[PDB]
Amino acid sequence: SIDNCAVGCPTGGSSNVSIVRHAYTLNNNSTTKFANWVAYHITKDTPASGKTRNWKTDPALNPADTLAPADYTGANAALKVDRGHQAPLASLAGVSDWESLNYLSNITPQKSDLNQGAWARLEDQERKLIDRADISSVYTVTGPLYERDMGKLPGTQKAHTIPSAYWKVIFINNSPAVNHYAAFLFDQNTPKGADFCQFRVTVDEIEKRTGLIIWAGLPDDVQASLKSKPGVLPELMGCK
């Protein structure tokens, strides 16, 4: 049994069924054509560097409900976006189904300045947590916001909705009921040189802005107590 969430995968996604892989668990949105959320579990055995990026349509989805590689033609020139990972390649590419990290269900059109800047620096610190001797797991949920019109990919006729922002909710080891946690939220237009430490939020803000309940297996009291309180995990990620 594959559990990429530990404390219950998010509720509230547009799809009632999620895709469960070793690399991640994902909840697709057939309207937006992107994942509502992607949950993953970093351990000492999951990172692998230098994997290549053969983008592919997710074979587990109906092709009408997701993007294909052709759909990104011209996107960078039109919109200054990259094919941005939701579950991060280098942190997870040691798993047995790693090629699924490059399925387009795990990709969105993410502004290059965000993808290559603060989002990447956050990914690097998130991955670095697992090197600590007393951290045995990092459990993350990531996903988009859909709050303003960001334009359309020129290379497709499909209806789709480019995200306006991206968020990441992280905890270590067992459960946020007992372990340090973090949440971050970045607009698409985040400057390239931005410090990811300046984008800390609460889990509650992300829930309000997505219609999701993250960590949905936690007791009610724990959810109510902790989700409105920003966490301290960022301090272990270099934030001061």
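Numbers follow the displayed sequence, beginning with 1.
A.B. asks: On average, are the C-alpha B-factors higher in 137-145 or in 89-97?
C.D. replies: So the stretch with the higher mean C-alpha B-factor is 89-97.
A.B. asks: Do the CA atoms of 40-48 or those of 174-182 have the higher mean B-factor in the entry?
C.D. replies: So the stretch with the higher mean C-alpha B-factor is 40-48.
A.B. asks: At the C-alpha atoms, which of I214, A35, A70, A60 reaches the highest B-factor in this entry?
C.D. replies: Among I214, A35, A70, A60, the PDB entry lists the largest C-alpha B-factor for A60.
A.B. asks: So where's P230 on the chain's Cα temperature factor ranking, which third?
C.D. replies: Tercile = highest for this residue's CA B-factor.
A.B. asks: Should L236 be placed in the lowest, middle or highest third of its chain by the C-alpha B factor in the entry?
C.D. replies: For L236, whose C-alpha B-factor we compare with every modelled residue in the chain, the answer is the highest third.
A.B. asks: Consider only the C-alpha atoms of the modelled residues in this chain, order them by B-factor as the entry records it, and name the third containing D195: lowest, middle or highest.
C.D. replies: Within its chain, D195 is a highest-third residue by C-alpha B-factor, going by the deposited values.
A.B. asks: How does the C-alpha B factor of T108 compare with the rest of the chain: lowest, middle or highest third?
C.D. replies: Answer is lowest: the recorded C-alpha B-factor places it there.
A.B. asks: Within this chain, which third does the Cα B-factor at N28 fall in: lowest, middle or highest?
C.D. replies: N28: CA B-factor falls in the lowest third of its chain.
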